[PDB]
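**Q** Can you keep this structure in mind? I'll have questions shortly.
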Amino acid sequence: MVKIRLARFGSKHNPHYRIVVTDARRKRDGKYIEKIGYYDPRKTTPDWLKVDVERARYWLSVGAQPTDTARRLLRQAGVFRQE
Amino acid sequence: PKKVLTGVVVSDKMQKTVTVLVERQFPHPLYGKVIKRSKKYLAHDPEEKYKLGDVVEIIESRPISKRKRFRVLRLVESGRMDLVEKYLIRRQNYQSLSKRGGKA
Amino acid sequence: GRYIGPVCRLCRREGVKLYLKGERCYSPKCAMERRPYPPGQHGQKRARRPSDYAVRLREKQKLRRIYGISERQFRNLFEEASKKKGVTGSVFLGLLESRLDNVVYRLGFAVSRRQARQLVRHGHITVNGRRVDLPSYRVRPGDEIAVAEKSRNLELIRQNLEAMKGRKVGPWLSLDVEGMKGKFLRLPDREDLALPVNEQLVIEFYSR
Amino acid sequence: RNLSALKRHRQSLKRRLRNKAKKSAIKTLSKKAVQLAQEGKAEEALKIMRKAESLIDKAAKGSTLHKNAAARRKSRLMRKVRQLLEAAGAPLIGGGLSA
RNA sequence: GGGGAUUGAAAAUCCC
RNA sequence: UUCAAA
RNA sequence: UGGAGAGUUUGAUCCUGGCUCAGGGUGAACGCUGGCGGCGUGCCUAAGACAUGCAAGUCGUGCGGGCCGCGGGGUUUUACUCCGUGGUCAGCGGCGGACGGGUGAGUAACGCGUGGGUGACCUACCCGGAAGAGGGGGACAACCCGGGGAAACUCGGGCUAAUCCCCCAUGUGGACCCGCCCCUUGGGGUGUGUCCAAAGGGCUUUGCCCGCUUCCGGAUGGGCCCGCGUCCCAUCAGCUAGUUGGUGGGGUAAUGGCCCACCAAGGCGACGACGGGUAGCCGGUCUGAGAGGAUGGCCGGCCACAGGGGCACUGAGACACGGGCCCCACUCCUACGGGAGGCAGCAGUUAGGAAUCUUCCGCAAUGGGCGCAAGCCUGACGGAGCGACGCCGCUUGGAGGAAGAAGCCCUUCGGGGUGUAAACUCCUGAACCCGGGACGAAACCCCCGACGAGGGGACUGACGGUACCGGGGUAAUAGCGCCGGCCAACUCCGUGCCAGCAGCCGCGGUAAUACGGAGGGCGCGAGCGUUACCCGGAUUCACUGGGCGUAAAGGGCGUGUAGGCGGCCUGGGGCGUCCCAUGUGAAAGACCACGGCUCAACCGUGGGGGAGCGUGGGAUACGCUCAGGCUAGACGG
Ligand SMILES: [K+]
Ligand SMILES: [K+]
Ligand SMILES: [K+]
Ligand SMILES: [K+]
Ligand SMILES: [K+]
Ligand SMILES: [K+]
Ligand SMILES: [K+]
Ligand SMILES: [K+]
Ligand SMILES: [K+]
Ligand SMILES: [Mg+2]
Ligand SMILES: [Mg+2]
Ligand SMILES: [Mg+2]
Ligand SMILES: [Mg+2]
Ligand SMILES: [Mg+2]
Ligand SMILES: [Mg+2]
Ligand SMILES: [Mg+2]
Ligand SMILES: [Mg+2]
Ligand SMILES: [Mg+2]
Ligand SMILES: [Mg+2]
Ligand SMILES: [Mg+2]
Ligand SMILES: [Mg+2]
Ligand SMILES: [Mg+2]
Ligand SMILES: [Mg+2]
Ligand SMILES: [Mg+2]
Ligand SMILES: [Mg+2]
Ligand SMILES: [Mg+2]
Ligand SMILES: [Mg+2]
Ligand SMILES: [Mg+2]
Ligand SMILES: [Mg+2]
Ligand SMILES: [Mg+2]
Ligand SMILES: [Mg+2]
Ligand SMILES: [Mg+2]
Ligand SMILES: [Mg+2]
Ligand SMILES: [Mg+2]
Ligand SMILES: [Mg+2]
Ligand SMILES: [Mg+2]
Ligand SMILES: [Mg+2]
Ligand SMILES: [Mg+2]
Ligand SMILES: [Mg+2]
Ligand SMILES: [Mg+2]
Ligand SMILES: [Mg+2]
Ligand SMILES: [Mg+2]
Ligand SMILES: [Mg+2]
Ligand SMILES: [Mg+2]
Ligand SMILES: [Mg+2]
Ligand SMILES: [Mg+2]
Ligand SMILES: [Mg+2]
Ligand SMILES: [Mg+2]
Ligand SMILES: [Mg+2]
Ligand SMILES: [Mg+2]
Ligand SMILES: [Mg+2]
Ligand SMILES: [Mg+2]
Ligand SMILES: [Mg+2]
Ligand SMILES: [Mg+2]
Ligand SMILES: [Mg+2]
Ligand SMILES: [Mg+2]
Ligand SMILES: [Mg+2]
Ligand SMILES: [Mg+2]
Ligand SMILES: [Mg+2]
Ligand SMILES: [Mg+2]
Ligand SMILES: [Mg+2]
Ligand SMILES: [Mg+2]
Ligand SMILES: [Mg+2]
Ligand SMILES: [Mg+2]
Ligand SMILES: [Mg+2]
Ligand SMILES: [Mg+2]
Ligand SMILES: [Mg+2]
Ligand SMILES: [Mg+2]
Ligand SMILES: [Mg+2]
Ligand SMILES: [Mg+2]
Ligand SMILES: [Mg+2]
Ligand SMILES: [Mg+2]
Ligand SMILES: [Mg+2]
Ligand SMILES: [Mg+2]
Ligand SMILES: [Mg+2]
Ligand SMILES: [Mg+2]
Ligand SMILES: [Mg+2]
Ligand SMILES: [Mg+2]
Ligand SMILES: [Mg+2]
Ligand SMILES: [Mg+2]
Ligand SMILES: [Mg+2]
Ligand SMILES: [Mg+2]
Ligand SMILES: [Mg+2]
Ligand SMILES: [Mg+2]
Ligand SMILES: [Mg+2]
Ligand SMILES: [Mg+2]
Ligand SMILES: [Mg+2]
Ligand SMILES: [Mg+2]
Ligand SMILES: [Mg+2]
Ligand SMILES: [Mg+2]
Ligand SMILES: [Mg+2]
Ligand SMILES: [Mg+2]
Ligand SMILES: [Mg+2]
Ligand SMILES: [Mg+2]
Ligand SMILES: [Mg+2]
Ligand SMILES: [Mg+2]
Ligand SMILES: [Mg+2]
Ligand SMILES: [Mg+2]
Ligand SMILES: [Mg+2]
Ligand SMILES: [Mg+2]
Ligand SMILES: [Mg+2]
Ligand SMILES: [Mg+2]
Ligand SMILES: [Mg+2]
Ligand SMILES: [Mg+2]
Ligand SMILES: [Mg+2]
Ligand SMILES: [Mg+2]
Ligand SMILES: [Mg+2]
Ligand SMILES: [Mg+2]
Ligand SMILES: [Mg+2]
Ligand SMILES: [Mg+2]
Ligand SMILES: [Mg+2]
Ligand SMILES: [Zn+2]
């Protein structure tokens, strides 16, 4: 099925992921369907996590199944926060 | 959209099928000059309606056979063998260039 | 490794006195002082009208040798200069003048550039507080270049920073001789500097 | 050596035989029905057609025929039988066809 | 095979 | 005869 | 922000013209040399052959059982036998082995690129919605008992469970045949008739979880078709019989000569068919002022292939690299009857070659398969290792220091060079030592809450004791190529048309700045040169941007086919052309701007940038086309 997971960008010892929508079967860093955010593990910048929540909510609405880590990051950006 | 082409019928020798010569025009990618270029499509005419010399429109269609992927949409201008003539002649010149030749 | 060898000889090959020693180059001894002819066994012989090329080569070799930078690095700066907006000539100079090692020297923390360089390699220098031992580090406008707290007591530091009292300094720079701080106010204008170099020929040398 | 995914092969063989057999039946009865109608025997011709219809659909329950393959067969069958019965037939059993 | 004569040096030519 | 000599 | 030219034909000149050099590039290789780090990158040849290990499995929350162990029962006791539980083994069943990883041999083609069509189609797992799951029956393997083989493995007999197979129901609903409205290629609705459903498991057991079935959608991934684009040779003209088309079938998810049976004679080609040669295509890369030219390694997309040929079966999906069958070649068993195998996966061997790395570490991260979960698998991948192969950063010292040691070189023998260079003085402190010591990792899970939102809690680091930080602290690698002109740099000696140099022009036959050495100098510097190859200079194939009287070049002349090109005025159309919107134009790259590693290389974020093509409007001067006129071209009298 289609997923929401991290694609690896950046460099050696300098990872920078991309929250992307893609077919489960595609190579990790292959062609994704849509970029819906980014994530910097080492938080070397105050802006190390961004997420187009409106868009994230969209793909979830249609089936996108998020990685456990992908889900973690989405939560931080209050994607499931239903307050 | 289903591509629509206009051309001339230069062959009515098949059952429910007509050959349609379609001219195209465009600037040469390097030399500019507008140049012509043609191609023949085998269009579907199930009612054996259109004849030699008609200017019909051709429309992109569900394959009818090998070669046939277009259906005759309608008649634009009936009769006019001048175009057909041109084609026939050009084809006859072929009878020339080879090991012998044909009269000019 | 940036050259490293007989230096008051380059002054002699460029027929112009370059300050690659600071003092000594002020006291009758930069060699240019009575012995201004090229180094070598033919130094005193009459020269021949140099080729438009020669002229352009020696000009670049002058400017380049002034900052003791490598051809590799010198070229990379010039290419960067070209690309950037505005007159390449000045812009180029602006960049050369932004090298931390050069700025250290400009602020007087060191007598020459080769010394200023070493002061950097050995952590005796600070940019906005953080240590920085990269002599090619590009100082931006607003940066504060000071001496490492732990180095402020060094013998050589006092001597140079002392001689800096009363001494004026670059209109694009500002020195607070007190805490041994300095501030890179802005990129120098071509008008600001006065190097014995016609940068115009340098551009031409690379245009070939 | 040894890759226990030989199991997939020994399983395919069973599935193969299972499919093969279901289809053989379908064909045999289809031909049977087309034949009976081709001879004008209306009542039993449908009676047989009706089984064939059923065998085809059930064949599609699983992964034997499946898809629109079933549709095609039922269609081409009800197609021939209704036509061949145009020899006076008159749908007696009126089973399959909805006259 | 030089070593001479000749040559600007050779090829050639004449010498040992 | 070869190469080179203003 | 975008354009440099030079040497060389002559005694000299101008021109024509070729050759050559200065500049960028590279998966490089070779020579001399070689200190540190980061990031990249590394079989370009035999798609030759491959030892060994690893590279796809998971599920006991689908089912039954074998073996080894322990415990508790039914008996007065034993035998026999019942239940529970641990380890393990493979079966049956399911999902995944069609992804991920490799390589291009093949392919000049709907293969790829770009834009479209499908009323001619499919899509497992995932998401939303509607409705369901009532009854019966059955088999095969495990296992047991025989038989055949050296082996690989096989044949027979008997027993048995399921989410295995089948029958009967219910039919939300769907499929098929006819009808009929509606719509328009096979789209949608409707009526009669016929046909078609299911699975059970878990439990913190009357309720929730994981599943099952039939439909309609979504989302994702696709198939097939079409327009245009895509190398060299015409010293390759003609090619074609399933060939081109038709009717009816077959076949497929689906169109189609895809295949078949009949019937027509047709299809293609100078706008290059057919044949031959070469080649995976693209985003992009290098070069260039641009237009172009060249290229397609790494990364991303598509395609093709899996020792060489064929084929299918299974399945949502394959005609399947680590699945199956047959033929061929090869290797290896072999009791010669018959078997086993396929690194273009990681690493490694061998061969070929000028040449290309470790049989490493880890699943900690990201991603993937199966599982409710715990978890298990993952040579994908994250890392480390080797190679100056490339880029970027660093160091081999800094300041003082003689009118200037020695030595070597030169000399007009007075002196001049190397040279502030050294020595020496004084500073700093790569290396190295000691201490501290990361980020990358917070989820899954557990508890509260309601397995939700939301809160709390806990376990995890290969890299690595590495980076970085703080102390202590030593003066501590320099080469390589040039110096006749182009082209920055000159003197002595030695050699003599020798020995040799040489990119081109040319040097050397006793005074050689050109050979070899030395002193000196120029250039660059952990690198410098050489070879090869691409673009440039080269307006040297000229679109931008060339020529043909004598330099290479007007066909020996005519007639004329195709084609190219076409006077003046008006009108219709609006194809070219032009304008406006709009869709498409993946990501990366490139460009600009900020950022993160102390800088940079490298990397992240954001921002324009349009050409091409589709759609929708609009314009009509020019070209085009259709109408009608005109005599100044042409033709006629
Ligand atoms: K669906
Ligand atoms: K047909
Ligand atoms: K290209
Ligand atoms: K929670
Ligand atoms: K001599
Ligand atoms: K010499
Ligand atoms: K060239
Ligand atoms: K001639
Ligand atoms: K008009
Ligand atoms: Mg006809
Ligand atoms: Mg047909
Ligand atoms: Mg500029
Ligand atoms: Mg298996
Ligand atoms: Mg299995
Ligand atoms: Mg039969
Ligand atoms: Mg003479
Ligand atoms: Mg003679
Ligand atoms: Mg000679
Ligand atoms: Mg010459
Ligand atoms: Mg020339
Ligand atoms: Mg001549
Ligand atoms: Mg001459
Ligand atoms: Mg003359
Ligand atoms: Mg070595
Ligand atoms: Mg490395
Ligand atoms: Mg290869
Ligand atoms: Mg493993
Ligand atoms: Mg016991
Ligand atoms: Mg057991
Ligand atoms: Mg098991
Ligand atoms: Mg793949
Ligand atoms: Mg490729
Ligand atoms: Mg070919
Ligand atoms: Mg295509
Ligand atoms: Mg295609
Ligand atoms: Mg094409
Ligand atoms: Mg296409
Ligand atoms: Mg396409
Ligand atoms: Mg397309
Ligand atoms: Mg049942
Ligand atoms: Mg049952
Ligand atoms: Mg049963
Ligand atoms: Mg049996
Ligand atoms: Mg039984
Ligand atoms: Mg079942
Ligand atoms: Mg109903
Ligand atoms: Mg209709
Ligand atoms: Mg039923
Ligand atoms: Mg043909
Ligand atoms: Mg058909
Ligand atoms: Mg069909
Ligand atoms: Mg065919
Ligand atoms: Mg053909
Ligand atoms: Mg054509
Ligand atoms: Mg042929
Ligand atoms: Mg061809
Ligand atoms: Mg090839
Ligand atoms: Mg290939
Ligand atoms: Mg050009
Ligand atoms: Mg190309
Ligand atoms: Mg690629
Ligand atoms: Mg093959
Ligand atoms: Mg294949
Ligand atoms: Mg094969
Ligand atoms: Mg092989
Ligand atoms: Mg094979
Ligand atoms: Mg499946
Ligand atoms: Mg199947
Ligand atoms: Mg395949
Ligand atoms: Mg296969
Ligand atoms: Mg395949
Ligand atoms: Mg595989
Ligand atoms: Mg393999
Ligand atoms: Mg070898
Ligand atoms: Mg490696
Ligand atoms: Mg892992
Ligand atoms: Mg994981
Ligand atoms: Mg549990
Ligand atoms: Mg394993
Ligand atoms: Mg890796
Ligand atoms: Mg190498
Ligand atoms: Mg010194
Ligand atoms: Mg000390
Ligand atoms: Mg951590
Ligand atoms: Mg875990
Ligand atoms: Mg609770
Ligand atoms: Mg320390
Ligand atoms: Mg320290
Ligand atoms: Mg000390
Ligand atoms: Mg010179
Ligand atoms: Mg001499
Ligand atoms: Mg020379
Ligand atoms: Mg370096
Ligand atoms: Mg140039
Ligand atoms: Mg050119
Ligand atoms: Mg040429
Ligand atoms: Mg031209
Ligand atoms: Mg010319
Ligand atoms: Mg002549
Ligand atoms: Mg001539
Ligand atoms: Mg003539
Ligand atoms: Mg005109
Ligand atoms: Mg015309
Ligand atoms: Mg008009
Ligand atoms: Mg138009
Ligand atoms: Mg556009
Ligand atoms: Mg893009
Ligand atoms: Mg920065
Ligand atoms: Mg960007
Ligand atoms: Mg108009
Ligand atoms: Mg025009
Ligand atoms: Zn000096």
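For the structure tokens, the naming scheme is as follows: chains receive sequential letters (A, B, ...) according to their order of presentation, residues are indexed from 1 within each chain, and ligands are indexed from 1 in presentation order.
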Got a sec to check which residues lie within 8 Å of ligand 104, using only C-alpha atoms (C1' of nucleotides) and all ligand atoms, and send them as a list in words?
**A**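 Using only C-alpha atoms (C1' of nucleotides) and all ligand atoms, everything at most 8 Å from ligand 104 comes to residues 571, 572, 573 and 625 of chain G.
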**Q** Using N, CA, C and O atoms (P, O5', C5', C4', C3', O3' and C1' of nucleotides), can you write the selected residues to a file as a PDB file, in the first residue's frame?
**A**
```
ATOM      1  P     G G 571     -10.852  43.787 -48.463  1.00  0.00           P
ATOM      2  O5'   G G 571     -11.697  42.433 -48.528  1.00  0.00           O
ATOM      3  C5'   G G 571     -13.108  42.493 -48.764  1.00  0.00           C
ATOM      4  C4'   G G 571     -13.691  41.125 -49.031  1.00  0.00           C
ATOM      5  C3'   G G 571     -13.495  40.023 -48.007  1.00  0.00           C
ATOM      6  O3'   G G 571     -14.369  40.151 -46.898  1.00  0.00           O
ATOM      7  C1'   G G 571     -13.204  39.144 -50.191  1.00  0.00           C
ATOM      8  P     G G 572     -13.948  39.523 -45.470  1.00  0.00           P
ATOM      9  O5'   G G 572     -14.147  37.954 -45.672  1.00  0.00           O
ATOM     10  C5'   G G 572     -15.458  37.413 -45.855  1.00  0.00           C
ATOM     11  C4'   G G 572     -15.411  35.908 -45.953  1.00  0.00           C
ATOM     12  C3'   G G 572     -14.626  35.167 -44.885  1.00  0.00           C
ATOM     13  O3'   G G 572     -15.331  35.006 -43.674  1.00  0.00           O
ATOM     14  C1'   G G 572     -14.108  34.268 -47.011  1.00  0.00           C
ATOM     15  P     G G 573     -14.507  34.890 -42.300  1.00  0.00           P
ATOM     16  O5'   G G 573     -13.730  33.508 -42.466  1.00  0.00           O
ATOM     17  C5'   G G 573     -14.445  32.264 -42.648  1.00  0.00           C
ATOM     18  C4'   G G 573     -13.470  31.131 -42.884  1.00  0.00           C
ATOM     19  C3'   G G 573     -12.383  30.952 -41.833  1.00  0.00           C
ATOM     20  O3'   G G 573     -12.854  30.139 -40.768  1.00  0.00           O
ATOM     21  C1'   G G 573     -11.425  30.870 -44.008  1.00  0.00           C
ATOM     22  P     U G 625      -1.359  27.965 -51.564  1.00  0.00           P
ATOM     23  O5'   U G 625      -2.873  27.609 -51.251  1.00  0.00           O
ATOM     24  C5'   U G 625      -3.218  26.355 -50.639  1.00  0.00           C
ATOM     25  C4'   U G 625      -4.635  26.405 -50.131  1.00  0.00           C
ATOM     26  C3'   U G 625      -5.639  26.959 -51.120  1.00  0.00           C
ATOM     27  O3'   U G 625      -6.088  25.955 -52.017  1.00  0.00           O
ATOM     28  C1'   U G 625      -5.942  27.997 -49.011  1.00  0.00           C
TER      29        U G 625
END
```
**Q** Which residues form the shell of 10 Å around ligand 3 when you count only C-alpha atoms (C1' of nucleotides) and all ligand atoms, given as a PDB file with N, CA, C and O atoms (P, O5', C5', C4', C3', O3' and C1' of nucleotides), in the first residue's frame?
**A**
```
ATOM      1  P     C G 282      19.144   9.835 -24.789  1.00  0.00           P
ATOM      2  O5'   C G 282      18.199  10.305 -23.588  1.00  0.00           O
ATOM      3  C5'   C G 282      16.842  10.748 -23.843  1.00  0.00           C
ATOM      4  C4'   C G 282      16.090  10.999 -22.550  1.00  0.00           C
ATOM      5  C3'   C G 282      16.725  11.962 -21.556  1.00  0.00           C
ATOM      6  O3'   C G 282      16.483  13.327 -21.852  1.00  0.00           O
ATOM      7  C1'   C G 282      15.975  10.030 -20.409  1.00  0.00           C
ATOM      8  P     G G 284      17.239  18.383 -17.378  1.00  0.00           P
ATOM      9  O5'   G G 284      18.741  18.046 -16.975  1.00  0.00           O
ATOM     10  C5'   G G 284      19.152  18.011 -15.622  1.00  0.00           C
ATOM     11  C4'   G G 284      20.257  17.001 -15.444  1.00  0.00           C
ATOM     12  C3'   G G 284      21.672  17.436 -15.775  1.00  0.00           C
ATOM     13  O3'   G G 284      22.282  18.103 -14.691  1.00  0.00           O
ATOM     14  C1'   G G 284      21.275  15.301 -16.709  1.00  0.00           C
ATOM     15  P     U G 285      23.545  19.056 -14.959  1.00  0.00           P
ATOM     16  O5'   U G 285      24.651  18.074 -15.547  1.00  0.00           O
ATOM     17  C5'   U G 285      25.330  17.146 -14.697  1.00  0.00           C
ATOM     18  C4'   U G 285      26.491  16.514 -15.430  1.00  0.00           C
ATOM     19  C3'   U G 285      27.443  17.476 -16.112  1.00  0.00           C
ATOM     20  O3'   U G 285      28.413  17.976 -15.219  1.00  0.00           O
ATOM     21  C1'   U G 285      26.892  15.729 -17.611  1.00  0.00           C
ATOM     22  P     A G 294      28.346  15.448 -32.389  1.00  0.00           P
ATOM     23  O5'   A G 294      28.977  14.955 -31.015  1.00  0.00           O
ATOM     24  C5'   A G 294      30.384  14.775 -30.889  1.00  0.00           C
ATOM     25  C4'   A G 294      30.762  14.597 -29.441  1.00  0.00           C
ATOM     26  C3'   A G 294      30.024  13.539 -28.636  1.00  0.00           C
ATOM     27  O3'   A G 294      30.484  12.222 -28.839  1.00  0.00           O
ATOM     28  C1'   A G 294      30.225  15.498 -27.348  1.00  0.00           C
ATOM     29  P     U G 295      29.479  10.993 -28.588  1.00  0.00           P
ATOM     30  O5'   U G 295      29.251  10.961 -27.014  1.00  0.00           O
ATOM     31  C5'   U G 295      30.295  10.564 -26.120  1.00  0.00           C
ATOM     32  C4'   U G 295      29.824  10.699 -24.696  1.00  0.00           C
ATOM     33  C3'   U G 295      28.609   9.867 -24.313  1.00  0.00           C
ATOM     34  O3'   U G 295      28.991   8.565 -23.890  1.00  0.00           O
ATOM     35  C1'   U G 295      28.280  12.104 -23.629  1.00  0.00           C
ATOM     36  P     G G 296      27.951   7.341 -24.010  1.00  0.00           P
ATOM     37  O5'   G G 296      27.125   7.397 -22.652  1.00  0.00           O
ATOM     38  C5'   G G 296      27.776   7.600 -21.394  1.00  0.00           C
ATOM     39  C4'   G G 296      26.754   7.966 -20.356  1.00  0.00           C
ATOM     40  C3'   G G 296      25.637   6.940 -20.201  1.00  0.00           C
ATOM     41  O3'   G G 296      25.233   6.892 -18.843  1.00  0.00           O
ATOM     42  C1'   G G 296      24.718   9.021 -20.833  1.00  0.00           C
TER      43        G G 296
END
```
**Q** Could you pull the residues within 7 Å of stretch 30-46 of chain A, counting only C-alpha atoms (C1' of nucleotides), minus those fewer than 4 positions along the same chain, as a ChimeraX atom specification?
**A** /A:15-22,26,50-52,55-56 /G:300,439-440,587,596
**Q** Using the selection just defined, write its residues with C-alpha atoms (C1' of nucleotides) as a PDB file, in the first residue's frame.
**A**
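Listing of again_35.pdb after writing:
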```
ATOM      1  CA  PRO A  15      21.226  12.708   7.660  1.00  0.00           C
ATOM      2  CA  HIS A  16      18.263  14.852   6.623  1.00  0.00           C
ATOM      3  CA  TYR A  17      15.076  12.974   5.975  1.00  0.00           C
ATOM      4  CA  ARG A  18      12.033  13.890   3.881  1.00  0.00           C
ATOM      5  CA  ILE A  19       8.531  12.997   5.077  1.00  0.00           C
ATOM      6  CA  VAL A  20       7.204  11.626   1.794  1.00  0.00           C
ATOM      7  CA  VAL A  21       4.206   9.762   0.396  1.00  0.00           C
ATOM      8  CA  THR A  22       5.116   6.731  -1.678  1.00  0.00           C
ATOM      9  CA  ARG A  26       9.596   1.786  -4.094  1.00  0.00           C
ATOM     10  CA  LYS A  50       8.042  20.733   9.461  1.00  0.00           C
ATOM     11  CA  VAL A  51       4.956  18.899   8.267  1.00  0.00           C
ATOM     12  CA  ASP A  52       2.204  19.971   5.909  1.00  0.00           C
ATOM     13  CA  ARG A  55      -1.689  17.369   3.477  1.00  0.00           C
ATOM     14  CA  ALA A  56      -0.685  14.653   5.969  1.00  0.00           C
TER      15      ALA A  56
ATOM     16  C1'   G G 300      16.816   9.428 -10.041  1.00  0.00           C
ATOM     17  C1'   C G 439      24.299  14.293  18.621  1.00  0.00           C
ATOM     18  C1'   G G 440      22.363  10.712  15.602  1.00  0.00           C
ATOM     19  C1'   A G 587      12.775  14.532  -7.457  1.00  0.00           C
ATOM     20  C1'   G G 596      24.273  23.307   9.312  1.00  0.00           C
TER      21        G G 596
END
```
**Q** Using Å and a single decimal, report how far atom CA of residue B:6 sits from atom CA of residue B:22.
**A**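 Between these atoms lies a distance of 6.1 Å.
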**Q** Provide as a count of residues only the residues of chain G at most 7 Å from chain B, counting only C-alpha atoms (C1' of nucleotides).
**A** 16
**Q** Would you please give, as a ChimeraX atom specification, all residues of chain C that DSSP assigns to helix (DSSP H, G or I) based on the backbone?
**A** /C:10-13,52-66,71-83,88-96,100-106,113-121,149-151,155-163,199-207
**Q** How would you report the residues lying within 9 Å of ligand 57, as number ranges by chain, if you count only C-alpha atoms (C1' of nucleotides) and all ligand atoms?
**A** G: 104-107, 278-280
**Q** So that I can see what lies close to stretch 133-141 of chain G, please list as a VMD selection string the residues with an atom at most 9 Å from it, counting only C-alpha atoms (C1' of nucleotides) and leaving out residues fewer than 6 positions away in the same chain.
**A** chain G and resid 91 to 92 164 to 170 197 to 199 212 to 213
**Q** Could you list, as a ChimeraX atom specification, the residues of chain G having an atom within 6 Å of chain A when counting only C-alpha atoms (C1' of nucleotides)?
**A** /G:99,125-127,219-220,367,439-440,443,453,596,603
**Q** What does the file look like for those residues with C-alpha atoms (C1' of nucleotides), as a PDB file, in the first residue's frame?
**A**
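So again11.pdb came out as:
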```pdb
ATOM      1  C1'   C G  99       9.837  -5.860  -4.053  1.00  0.00           C
ATOM      2  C1'   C G 125      -2.039  -5.473   0.970  1.00  0.00           C
ATOM      3  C1'   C G 126      -4.290   0.025   2.430  1.00  0.00           C
ATOM      4  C1'   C G 127      -8.849   3.701   3.049  1.00  0.00           C
ATOM      5  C1'   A G 219      -5.694   5.620  -3.380  1.00  0.00           C
ATOM      6  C1'   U G 220      -1.497   3.400  -5.391  1.00  0.00           C
ATOM      7  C1'   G G 367      13.441   1.477   4.409  1.00  0.00           C
ATOM      8  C1'   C G 439      24.299  14.293  18.621  1.00  0.00           C
ATOM      9  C1'   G G 440      22.363  10.712  15.602  1.00  0.00           C
ATOM     10  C1'   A G 443       9.005   5.531  18.756  1.00  0.00           C
ATOM     11  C1'   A G 453      -6.745  12.356  21.372  1.00  0.00           C
ATOM     12  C1'   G G 596      24.273  23.307   9.312  1.00  0.00           C
ATOM     13  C1'   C G 603      24.623  19.202   2.809  1.00  0.00           C
TER      14        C G 603
END
```
**Q** Neighbouring residues of stretch 286-292 of chain G were defined as those with any atom within 9 Å, considering only C-alpha atoms (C1' of nucleotides); residues of the same chain fewer than 5 positions away were excluded. Please report them as a list in words.
**A**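 Skipping anything fewer than 5 positions along the chain leaves residues 2, 3, 24, 25, 26, 534, 535, 536, 543 and 544 of chain G.
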**Q** Enumerate residues in contact with ligand 79: an atom-to-atom distance of at most 9 Å, counting only C-alpha atoms (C1' of nucleotides) and all ligand atoms. Format the result as a PyMOL selection string.
**A** chain G and resi 54-57+377-378
**Q** What do you get as a list in words if you pick all residues at most 10 Å from ligand 26, counting only C-alpha atoms (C1' of nucleotides) and all ligand atoms?
**A**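 Those residues are residues 43, 44, 45, 46, 47, 103, 104 and 344 of chain G.
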**Q** Give the residues close to ligand 76, within 10 Å, counting only C-alpha atoms (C1' of nucleotides) and all ligand atoms; write them as a count of residues only.
**A** 11
**Q** Show me which residues line ligand 18, defined as having an atom within 8 Å of a ligand atom where only C-alpha atoms (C1' of nucleotides) and all ligand atoms count, and present them as a PyMOL selection string.
**A** (chain F and resi 2-4) or (chain G and resi 497+509)
**Q** Find the residues near residue C:58: any atom within 12 Å, counting only C-alpha atoms (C1' of nucleotides), skip ones fewer than 5 places away on the same chain, and give them as a VMD selection string.
**A** (chain C and resid 10 to 16 50 to 53 63 to 65 196 to 199 201 to 202 205) or (chain G and resid 488 522 to 523)
**Q** Can you work out which residues are within 9 Å of ligand 31, considering only C-alpha atoms (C1' of nucleotides) and all ligand atoms, and then hand them over as a PyMOL selection string?
**A** chain G and resi 99-102
**Q** Between atom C1' of residue G:321 and atom 1 (Mg, counted along the ligand's line) of ligand 77, what is the distance, to one decimal in Å?
**A**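 Atom-to-atom, atom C1' of residue G:321 and atom 1 (Mg, counted along the ligand's line) of ligand 77 are spaced 26.0 Å apart.
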**Q** So which residues are near ligand 37, meaning at most 8 Å away with only C-alpha atoms (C1' of nucleotides) and all ligand atoms counted, given back as a PyMOL selection string?
**A** chain G and resi 110+114-115+226-227
**Q** Would you mind listing, as a list in words, all residues of chain G that have at least one atom within 7 Å of chain C, where only C-alpha atoms (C1' of nucleotides) are what counts?
**A**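 Within 7 Å of chain C on chain G, we get residues 4, 395, 398, 417, 421, 427, 488, 520, 521, 598 and 599 of chain G.
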